[PDB]
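Take a look at this one chain, the form deposited in one PDB entry, written out in structure tokens.
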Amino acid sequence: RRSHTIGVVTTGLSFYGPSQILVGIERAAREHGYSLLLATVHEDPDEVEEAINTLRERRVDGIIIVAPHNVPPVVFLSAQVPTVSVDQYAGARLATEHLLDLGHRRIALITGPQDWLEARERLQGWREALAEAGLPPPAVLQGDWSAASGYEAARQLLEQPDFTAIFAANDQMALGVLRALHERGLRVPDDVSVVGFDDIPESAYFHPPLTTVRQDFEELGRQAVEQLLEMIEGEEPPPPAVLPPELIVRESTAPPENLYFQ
């Protein structure tokens, strides 16, 4: 009547965030005696629904969704119903308020793909920080979490440069931004300040070490397992969890040149 297995539908496993979330889920599920059924969905319409009903056939005790989407109990790692997530909006606010506090006023944003709710939330936290400072929000370039998209977006921004700081919506894209800036001969942070998001292990060894917003991906996945176990069993009503984000100040930000003329 029970399988002692947990189904998980995740995407973007080539990146650090979803992998470490998957690491947190596997370790917590195993420490409570649960095997893990892993399903990956691609950029395909409603492929998660196909994967959920596949897990349902495997008599799973519960399901954790780590992907954009929307009975065996289900837990989502977004908003939507039980949810476990990091305050993305407040994190982008910290990143943008960091730059504003240094004197930057023309702060570009390279965002993720809009089908990810985190990308929209980080966009709005950036916009609201500039609006509170009385600044109109510039035109936003869109990436896809890849370093290539960051590098390509930064080259577009450099065609007619009107910024002193770039907020890349994650660290992967920030690496490409750093690349494009070095190519053009621009120093970081002296000519252009760069802030990322995620705090992936590589970011501390970028050139220069990148200021970023830390997400605890592992604990995110463990808390998701804790929420799902409480619903599988003699409970169900869970606390909607919000994990706090943390700004990791390193070496890629500095007051702009011509500080008092910004």
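Residue numbers run from 1 along the displayed sequence. Rigid core: the largest C-alpha set superposing within 1.5 Å between the two forms.
In this entry, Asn70 and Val71 are separated by 10 or more residues of the deposited sequence that lack coordinates. Per the record, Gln80 and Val81 are separated by 1 to 3 deposited residues that have no coordinates. Stretches compared: 173-181, 132-140. Higher mean C-alpha B-factor in the entry: 132-140. The stretch 219-227 shows the higher mean C-alpha B-factor when 197-205 is compared against 219-227 in the entry. In this PDB entry, the Cα temperature factor of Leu210 sits in the bottom third of its chain's modelled residues, the lowest group. Ranked within its chain, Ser252 lands in the lowest third, by CA B factor from the PDB record. In the deposited entry, the Cα temperature factor of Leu157 places it in the lowest third of its chain's modelled residues. Sort the modelled residues of the chain by CA B factor and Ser149 lands in the lowest third. Among the modelled residues of its chain, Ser85 has a C-alpha B-factor that falls in the highest third, as given in the PDB entry.
Omitted here: the form deposited in another entry. The next part is about that form.
Superposition on the rigid core between this form and the one not shown places the CA atom of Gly221 2 Å or more away from its counterpart. When two forms of a protein are overlaid on their rigid core, residues whose CA moves 2 Å or more are considered shifted, and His207 is not one of them between this form and the one not shown.
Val23 is among the residues whose C-alpha shifts by 2 Å or more between this form and the one not shown once the rigid core is aligned.
Relative to this conformation, a decrease of 3 Å or more in the Cα-Cα distance between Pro45 and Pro240 is found in that other deposited form.
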